[PDB]
Each structure stands twice: as structure tokens, then as C-alpha cells.
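Taking it in order: structure first as C-alpha cells, then the write-up.
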Amino acid sequence: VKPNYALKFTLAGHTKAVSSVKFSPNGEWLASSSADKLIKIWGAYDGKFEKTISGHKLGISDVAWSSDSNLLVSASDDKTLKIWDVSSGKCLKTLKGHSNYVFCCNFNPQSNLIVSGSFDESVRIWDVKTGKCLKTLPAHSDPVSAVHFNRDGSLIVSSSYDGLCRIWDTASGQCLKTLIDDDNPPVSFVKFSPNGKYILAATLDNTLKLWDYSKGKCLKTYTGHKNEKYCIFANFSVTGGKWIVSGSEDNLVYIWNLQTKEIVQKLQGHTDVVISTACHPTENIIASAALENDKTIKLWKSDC
Amino acid sequence: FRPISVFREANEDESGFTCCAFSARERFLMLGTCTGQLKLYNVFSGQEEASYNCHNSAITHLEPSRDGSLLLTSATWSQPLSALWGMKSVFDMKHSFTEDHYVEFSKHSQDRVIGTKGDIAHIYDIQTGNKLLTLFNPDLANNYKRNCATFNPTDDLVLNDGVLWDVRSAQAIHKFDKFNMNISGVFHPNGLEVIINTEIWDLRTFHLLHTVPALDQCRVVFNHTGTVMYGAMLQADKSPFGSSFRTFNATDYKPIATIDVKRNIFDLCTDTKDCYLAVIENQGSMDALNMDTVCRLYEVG
């Protein structure tokens with residue numbers, strides 16, 4: 001089988017490139033961040049605009065939800081992250097410490113920590129409740145493109161323009177693994193699989209790879225899309241068929257059969273790089289977002 | 001300025017020339033590209049002769065040494081931000097300058113490199129690559145946003161961030177007042193004046209010799225006799241320059257010509273004999289969104 005994602009809504013409102021879209025874990029909301037310095041919240045099922053959250057001084061690279069859908073964290077060119085109470089829209093904490101643009105962020109599942117990655121080549125771990133930096137990891141020797149906790153919060157994975165993925169012990173900050181294949185093109189994206197067994201990593205050679213990170217083995221390779229310049233977010237789609245989903249620099253959403261590596265769908269409609277995609281936690285719904293020449297978010301729905 | 005030749009980048013769907021300089025091998029031009037490559041082109045045929053991987057981000061600026069043996073490059077964001085390349089026989093890296101986003105050779109004897117990191121000037125030895133000097137004084141700084149440190153023609157003085165430095169003693173000898181946000185200024189090739197945005201200051205007295213409004217936000221280069229000055233205005237707050245450049249009498253700064261190529265400019269340079277002007281011009285219909293540059297070769301009348 002193949003999915004049959006079709007376009008349901010186009011969300012317009014950001015006035016610059018849209019950098020990141022994330023579904024709330026409770027499935028009710030979509031959050032978006034933008035180069036326009038704004039976070040916007042949208043209804044996940046009807047695409048209806050809900051509110052604008054503001055405070056960052058420069059463009060926002062990434063946004064992420066707390067496990068209970070009540071908080072957001074954002075990562076900004078202004079060198080800070082901000083923790084937000086979504087219902088009130090207020091900035092609860094500003095995390096200061098990085099010496100250059102912050103590109104990526106995430107809560108742990110417990111939601112008492114935030115992990116961040118930066119142009120300054122560090123990964124930082126922050127106390128959600130104090131807003132204080134708990135650890136600074138000398139993670140990489142080039143800018144950090146993604147950071148993600150595993151399902152029990154004991155591990156952090158990071159990816160960098162230095163060509164490496166690295167896995168870190170949350171508690172000690174120790175590096176526990178460096179993944180590298182037969183070459184080291186910039187690693188533009190990484191995340192753990194939902195079950196925590198694998199990581200999915202994008203490299204700027206038009207390639208996605210599924211890794212057994214314990215065994216240090218590449219298990220699947222996905223190609224056919226265009227990805228040589230931008231750090232495009234990818235996903236496991238697990239609500240229906242088992243897919244891999246990623247944006248592409250030819251302005252399409254690509255969907256692959258996880259097991260067979262075959263392209264099963266390409267979603268057409270955006271007019272610029274599709275730099276972010278997200279998969280709804282319970283329904284077969286995809287959100288995509290595109291760069292400056294497009295500025296829109298699209299919601300897509302599939303029967304499987 | 002009669003058009004003589006035009007060419008775009010070979011093999012590429014969107015042409016990505018960003019900067020250029022004539023090589024010592026006449027008829028050939030070196031061009032940097034938006035993917036960090038250094039390419040050699042026959043300027044008359046448009047034929048690509050060689051390609052080298054210099055940086056992991058777009059080349060912004062380059063400078064060949066006069067004897068043809070060395071080349072400085074600067075990139076956009078990836079480290080090393082600048083590098084020194086050997087061109088004798090094999091093309092290879094001699095030294096790298098990790099954080100200097102702009103570099104120039106010394107001018108009289110080309111045995112040093114001067115780099116800029118924000119407000120700070122670094123001077124390196126070409127042979128060892130060692131940092132010989134750091135020039136910075138926070139009390140004297142002007143904090144020019146596009147500061148570029150530069151040697152004077154005899155290499156005994158440095159202009160950095162609008163501050164004049166004596167190199168031998170590593171002492172600031174004069175701070176010029178700040179009258180713009182971006183341009184930190186250059187030495188005139190006569191060694192006796194500095195051109196700091198619209199202000200021409202006398203180095204004998206520090207008096208204001210000229211007000212030249214047309215030089216606002218301009219980068220400049222002189223012909224090799226020192227009699228003509230080319231100037232092009234940065235695009236304010238995308239292509240580095242606008243679509244026009246201007247020539248000036250180098251003695252009295254009176255304008256000579258205004259040339260509007262109707263395309264935004266990325267770079268320009270002249271050959272040692274001042275027969276030719278090479279200009280990187282963007283055909284892109286929305287400036288640098290859809291960057292699509294060509295190199296035009298003009299005859300200097």
C-alpha cells in the first residue's frame with residue numbers, strides 16, 4: 001500500500017520563511033516558528049489560526065512542545081531560547097548562554113530539561129524550572145543542526161555540519177557514541193525513532209539513513225529527494241502505514257516506505273523549499289512548511 | 001567601457017560567480033563561487049580551465065599576490081573563514097585563518113597577511129602563518145559594522161576600524177571620528193591620504209581635504225598607476241553592491257564616469273595593465289533570491 005495524502009488547508013500568516021511546525025502531543029494544536037520572529041498556534045484539525053506568541057528579537061529556527069502540551073520552547077538567532085506558557089502566551093524563562101544563533105531545541109519526555117544546539121557548536125542542557133544552563137557539551141567542531149531526547153530521556157542525539165552524529169548521556173553529559181559512515185557530509189538533521197531503537201539522520205548529499213545506533217550500523221537508506229543546502233526536518237510516520245517523511249529542496253514532501261525504501265508519495269503544492277514536516281500523533285495528518293518564497297504551512301490528510 | 005566578453009559558470013543551472021581577480025597568467029580570471037569553489041576561466045572564450053574546493057560556504061572575496069604564487073580567499077560562515085593558497089605547481093592550502101572573515105596581503109613586500117575579525121586586526125607571517133600582531137583598543141574603537149583592516153602602501157601603518165596604527169610599535173597614533181555606521185576606510189595609493197567613506201583626511205595634518213558624498217557606503221579600487229579610482233555602493237539594509245559603479249580622478253576626487261550596468265554587482269577588478277575591467281553581474285530577476293551571475297569583461301578606454 002501507499003498513503004494518499006491530500007491537501008486540506010493552507011495556513012497563511014507568517015511574513016517570512018516558516019522554519020518549524022510541530023503538533024502538540026495531545027493532537028489539538030500545531031505550533032509554527034518563523035524568521036518573522038513569531039510563533040503561531042493553529043488548530044490541528046481545522047487549520048484555524050489561534051494566537052501569535054512574540055518576544056524573540058530575531059528570527060526563530062525551531063519550536064517544541066512539552067509532553068503535556070502546555071509549554072513551548074523556541075530557539076532563536078537572538079542567541080536565546082524562550083520557554084512559553086502556551087495558554088497565556090507569556091515568556092516564562094529566557095535561556096541565555098549560547099554565544100551564537102540557536103538552531104534546535106526539545107524538551108525531554110519528563111519535561112524538566114530542555115536540550116539546545118547552536119551555531120556555536122555546543123549542545124546545552126537547561127533546567128526548565130530555573131531557566132539555568134545545567135551542562136554545556138563541547139559536542140561538535142561545526143554548527144549543530146538538531147538535538148533530540150530518546151523516549152526515556154536517558155540519551156540525547158545531536159547532528160552537526162562536522163559530519164557526525166553523537167549520542168550523549170543526559171545525566172553525565174558523557175559522549176556515548178559517534179556515528180560515521182563511509183563519508184562525512186554535513187549531518188543536517190537527526191532524531192530517535194519512536195521506539196528509541198534507531199536514529200534517522202539526514203546528510204547534505206540528498207540522503208536519509210536509518211541507523212542502529214547501538215550496533216553502529218546503517219540499516220536503511222532513502223533517496224530521490226533534493227537536500228544539499230538546508231537543514232530539513234524529517235519524521236517517522238507511524239499512525240497508519242510505516243513511512244519516512246521529509247521535505248525537499250524541489251519543494252515537495254517525500255514519503256517513503258520505511259521497510260522497502262521506495263518512494264510512495266510526493267506531495268505537491270509548496271513554492272519554496274519544504275524545510276519542515278511534522279506527523280500528527282494519532283491521525284494520518286502531515287504538516288509541512290516552506291521557506292521565504294512561500295511562507296505558508298500546509299495540512300495534509302491520508303486514509304492510511 | 002566597451003563590452004568585450006561575457007560568460008556564465010559552466011555546468012551549473014544557476015551561475016554562481018561571486019568574486020574575481022585576474023591571475024598572473026594573462027587571459028585567465030580566477031572566480032569564487034557561491035559553493036566555496038575557486039575556478040579559473042579564460043576571460044575571452046568563457047572556458048572553465050580549473051576548479052578547486054576552497055571553502056564550505058560561499059566565497060565572498062579573494063586576492064592574488066602580485067607574483068602569482070599565492071591567493072587569499074574569504075568565505076561566508078564556515079571556518080576557516082579565510083585561507084592562503086599556494087598556486088605554484090600544485091594548488092594547495094598554505095595556511096588558514098579561522099575567524100578572520102576578511103584578509104589582504106601587505107602591499108609593498110607581500111610577506112604578511114592582515115585579517116579582520118569584527119573590530120580586531122590580525123597580522124600574520126606568510127611563511128609560518130604565525131600571528132605576529134593583534135591590533136585592537138576598545139577605547140578607540142569605532143565599531144564599524146563592515147570594518148576591514150588594511151596596510152598602507154609601505155606596510156608601516158595599518159588602518160583598522162577608523163584607527164591609524166603604527167605597525168613597528170603596535171601603537172595607535174590617531175583615531176578618526178565616526179561619521180557612518182559601516183565603512184572603516186582605506187589608504188590612498190599615494191600614502192598621504194586616507195579615504196574613510198565620504199571623508200578624505202590628510203595624513204600629514206589630519207585635516208579634511210575633501211568631502212565626497214558619492215563615496216558613501218562604497219568600496220573602492222585604484223588603477224595601477226593610481227590616477228583613477230573605481231567606487232561602487234554597497235546595498236544598504238542580496239547582492240553586495242548596487243547596479244552602478246563610478247570612476248573618479250584619483251588626485252582631486254572629481255567624478256569621471258558613472259556606469260549603470262542595470263544588474264546588481266558582486267565584484268570588479270582590473271588587470272595589472274589596466275586594459276580590462278572584469279565585473280560580476282547578477283542577471284537574477286529578483287537580485288540574489290535567484291542569483292544568476294555572469295562575468296562581463298570591459299575594455300578600459
Side-chain angles (χ1 to χ4, degrees), chain A residues 14-22 24 31-41 51-67 69-108 110-140 142-149 156 158-161 168 170 173 189 230-231 233 275-276 289 291-292, chain B residues 77 99 118 143 145 237:
Chain A
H14 287 289
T15 58
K16 299 193 63 58
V18 178
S19 58
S20 194
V21 287
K22 302 284 178 64
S24 59
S32 57
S33 56
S34 169
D36 69 9
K37 309 172 187 175
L38 299 182
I39 293 164
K40 289 177 184 286
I41 308 288
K51 77 215 297 185
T52 298
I53 296 168
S54 69
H56 275 297
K57 293 179 179 179
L58 295 169
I60 300 168
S61 186
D62 197 15
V63 70
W65 294 91
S66 59
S67 302
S69 304
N70 283 312
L71 306 179
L72 292 171
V73 62
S74 56
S76 173
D77 284 350
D78 68 17
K79 302 181 165 68
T80 75
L81 308 102
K82 284 178 182 286
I83 307 181
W84 309 91
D85 175 85
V86 50
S87 63
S88 81
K90 302 214 172 73
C91 175
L92 303 183
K93 302 281 190 180
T94 299
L95 317 186
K96 298 173 181 192
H98 282 296
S99 60
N100 218 328
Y101 329 107
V102 196
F103 289 145
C104 45
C105 51
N106 256 317
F107 288 89
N108 64 342
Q110 297 75 15
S111 287
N112 49 15
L113 303 177
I114 287 159
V115 64
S116 63
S118 174
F119 187 88
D120 74 14
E121 308 180 358
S122 75
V123 171
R124 283 176 179 259
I125 303 176
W126 310 81
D127 188 322
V128 167
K129 281 302 181 283
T130 71
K132 299 296 183 181
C133 183
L134 291 170
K135 289 181 167 305
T136 299
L137 315 184
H140 290 280
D142 283 301
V144 174
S145 56
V147 290
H148 187 228
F149 285 101
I156 295 165
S158 60
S159 55
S160 167
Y161 271 72
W168 308 85
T170 300
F189 171 77
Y230 290 98
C231 290
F233 206 97
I275 205 178
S276 177
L291 291 185
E292 185 83 6
Chain B
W77 65 262
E99 298 182 321
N143 318 126
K145 293 187 177 170
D237 62 81

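Basis for what follows: all heavy atoms, side chains included, without hydrogens, waters or symmetry-related copies. Throughout, protein chains are lettered first and strands after them, A, B, ... in sequence-line order, and every chain is numbered starting at 1.
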Exercise: identify the closest heavy-atom pair between [X] and [Y]:
X        : Y        : value
A/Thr52  : A/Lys40  : OG1-NZ, 2.9 Å
A/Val144 : A/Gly117 : CG1-CA, 3.8 Å
A/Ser34  : A/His14  : CB-ND1, 3.1 Å
A/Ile275 : A/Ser19  : CG2-O, 3.7 Å
A/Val73  : A/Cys105 : O-SG, 3.7 Å
A/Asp78  : A/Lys57  : OD2-N, 2.9 Å

Interatomic spacing from [atom1] in [X] to [atom2] in [Y] - rounded to 0.5 Å:
X        : Y        : atom1 : atom2 : result
A/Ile125 : A/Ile156 : CD1   : CD1   : 3.5 Å
A/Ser54  : A/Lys37  : OG    : NZ    : 10.5 Å
A/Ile60  : A/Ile39  : CD1   : CD1   : 4.5 Å
A/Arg124 : A/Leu113 : CZ    : CG    : 14.5 Å
A/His98  : A/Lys79  : NE2   : NZ    : 12.0 Å
A/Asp127 : A/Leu95  : CG    : CG    : 9.5 Å

Kindly indicate whether the side chain of [X], heavy atoms from C-beta on, has any atom under 4.5 Å from the side chain of [Y].
X        : Y        : value
A/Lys22  : A/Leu72  : no
A/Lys129 : A/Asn112 : no
A/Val102 : A/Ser76  : no
A/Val18  : A/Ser276 : no
A/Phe119 : A/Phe103 : yes
A/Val21  : A/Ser32  : yes
A/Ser74  : A/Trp84  : yes
A/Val115 : A/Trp168 : no

Is the closest side-chain donor-acceptor distance between [X] and [Y] under 3.5 Å?
X        : Y        : answer
A/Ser33  : A/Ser20  : no
A/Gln110 : A/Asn108 : yes
A/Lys82  : A/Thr94  : yes
A/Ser145 : A/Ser159 : yes

Working for side chain to side chain donor-acceptor pair (under 3.5 Å), residues A/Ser111 and A/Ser67 | CA-CA 6 Å; A/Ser111 287; A/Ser67 302; 3.2 Å; yes
For A/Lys96, does the NZ atom have more than 12 heavy-atom neighbours from other residues, nucleotides or ligands under 6.0 Å away?
-> no
Would a line drawn from the ring center of A/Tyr101 to the ring center of B/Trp77 be shorter than 6.0 Å?
-> no
Could you walk me through whether A/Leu134 and A/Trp126 pass side chain to side chain contact (heavy atoms under 4.5 Å, CB included), step by step?
-> CA-CA 5 Å; A/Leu134 291 170; A/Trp126 310 81; over 6 Å; no
Quick check: does any side chain N or O of A/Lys93 sit under 3.5 Å from a backbone N or O of A/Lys132, one acting as donor and the other as acceptor?
-> no
